[PDB]
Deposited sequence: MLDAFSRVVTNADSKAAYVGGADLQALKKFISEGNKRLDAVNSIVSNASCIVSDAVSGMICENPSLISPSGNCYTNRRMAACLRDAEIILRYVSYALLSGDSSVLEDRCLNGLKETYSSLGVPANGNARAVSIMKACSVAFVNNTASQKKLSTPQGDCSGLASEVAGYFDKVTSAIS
């Protein structure tokens, strides 16, 4: 998307509504469903990132031991930041319907960067995996209608699609 091109590459935003929004949904697969799916991931972004870094850590507490890679506020903040970055790029892949920007602007060189820093591959794999599980659950949300923010239907295709994007992350950075 060229309107979204310059975006995911200054500071000024981009706003898609009205007739353009109607046509955007005609050009992407399952436009209405896809926006619901994106909205539920990004509106829960904080709990997804927080729960994944926390779970990575409770499985391996040495990560915040004096020798662990998440020790000190600076390192923890950077790990939380990276988790959020990854989730945001995955969320854009779901919005766009492809992994072009994800691979080119987020995953490229990421494994060599983590190698050089000694950011541990197994913790990163757990962190992303948890974010994957959170995101699939939010897209496949199987709750009541008085507790579901969207019309009830079937989104297994979109869930499979976002799971594929998370797989691209884990395959690239480990």
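- Stretches of the deposited sequence lacking C-alpha coordinates, numbered from 1: 1, 11-12.
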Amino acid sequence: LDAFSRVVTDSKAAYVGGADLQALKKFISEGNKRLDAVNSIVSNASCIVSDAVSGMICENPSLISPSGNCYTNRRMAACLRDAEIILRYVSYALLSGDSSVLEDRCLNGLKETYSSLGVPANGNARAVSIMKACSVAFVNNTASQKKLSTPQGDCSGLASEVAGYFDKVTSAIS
From here on, numbers count along this sequence of modelled residues.
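- According to the PDB record, 95-103 carries the higher mean C-alpha B-factor of the two stretches 95-103 and 77-85.
- On average the C-alpha atoms of 34-42 have higher B-factors than those of the other stretch, with 34-42 and 112-120 being the two compared.
- For the set 29, 149, 54, 129, the PDB entry puts the maximum C-alpha B factor at 149.
- Among the modelled residues of its chain, residue 172 has a C-alpha B-factor that falls in the middle third according to the deposited record.
- Placement of the Cα temperature factor of residue 49 within the chain: lowest third of the modelled residues, per the deposited record.
- The entry lists a Cα temperature factor for residue 140 that places it in the highest third of the chain's modelled residues.
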